[PDB]
Amino acid sequence: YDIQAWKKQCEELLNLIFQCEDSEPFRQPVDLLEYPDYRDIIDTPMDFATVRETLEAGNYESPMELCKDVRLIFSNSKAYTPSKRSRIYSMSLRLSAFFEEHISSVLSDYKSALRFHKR
Ligand SMILES: CCCCNC(=O)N1CCN(C(=O)c2ccco2)CC1
């Protein structure tokens, strides 16, 4: 029932994600010079370095907020993909499945801890 345990759990999961080859395209913001129409399609850029920095700054209150930003990385890739068969989109779907498999217990444990706190 540790209300703070999510933060280190999220740091560890981000470490795993940075070790995954599938995260390569999502470790920094999209350079417009490679993809000059990116901001015509994507309203809110997001990447794993921005997520880690936000976490390490103490600017997430809950793992739900972190989860919303990570899911934005994946929705941006689905919105920007010219094909569902894209290399970089296919990497996003595998990384998304890995992230969802690992974040589920982090969320469950946090929400259980908060319910216990307010019991
Ligand atoms: C790590 C910094 C530079 C790598 N980032 C980058 O240029 N990417 C990632 C996001 N992109 C897509 O999700 C996508 C879908 C289909 C094609 O690209 C655009 C290309």
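Quick reminder, even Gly has a Cβ in these numbers, built from the backbone with ideal geometry, and neighbours come from all protein chains shown. Bear in mind these aren't lab numbers, they're just calculated from the coordinates by the rules spelled out.
Across the chain, C-alpha contacts under 8 Å between residues 6 or more apart give a mean separation that, scaled by the residue count, equals a relative contact order of 40 percent.
Which loop-located GluC sites (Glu not before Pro) does the stretch 38-97 contain, where loop means any DSSP state but H, G, I, E or B and the Cβ has at most 13 other Cβ atoms within 10 Å?
Values: sites: 53, 56, 61, 65; in loops: 61.
Those satisfying the criteria are 61.
Placing pseudo-labels 7 Å out from each Cα toward the beta carbon at residue 108 and residue 53 gives an inter-label distance of 3.4 nm. Relative to the first principal axis of the alpha-carbon coordinates of the chain, what is the inclination of helix 63-80, with its axis defined by its Cα atoms, in degrees from 0 to 90 and to the nearest 10? The two axes meet at around 10 degrees. The base-10 log of I(q)/I(0) for the chain, evaluated at q = 0.15, 0.20, 0.23 Å⁻¹, reads -0.69, -1.09, -1.35 [Debye formula, identical scatterers on Cα atoms, solvent excluded]. Can you give the angle from 0 to 90° between the axis of helix 6-19 and the longest principal axis of the chain, with both taken from C-alpha atoms, to the nearest 10? So the helix axis and the longest Cα principal axis differ by about 30 degrees.
For the chain, the mean residue ellipticity at 222 nm estimated from helices alone is -21000 deg cm²/dmol, where every DSSP H run of n ≥ 4 contributes -39500 (n - 2.57) and the total is divided by all residues, rounded to the nearest 500. Derived value for the stretch 43-98: Kirkwood hydrodynamic radius 12.0 Å. Basis is the mean of 1/r over every pair of different alpha-carbon atoms.
Take peptides 88-97, 101-110 and line them up by average Cβ neighbours within 10 Å, highest first, as a rough protection proxy.
Result, highest mean first: 88-97, 101-110.
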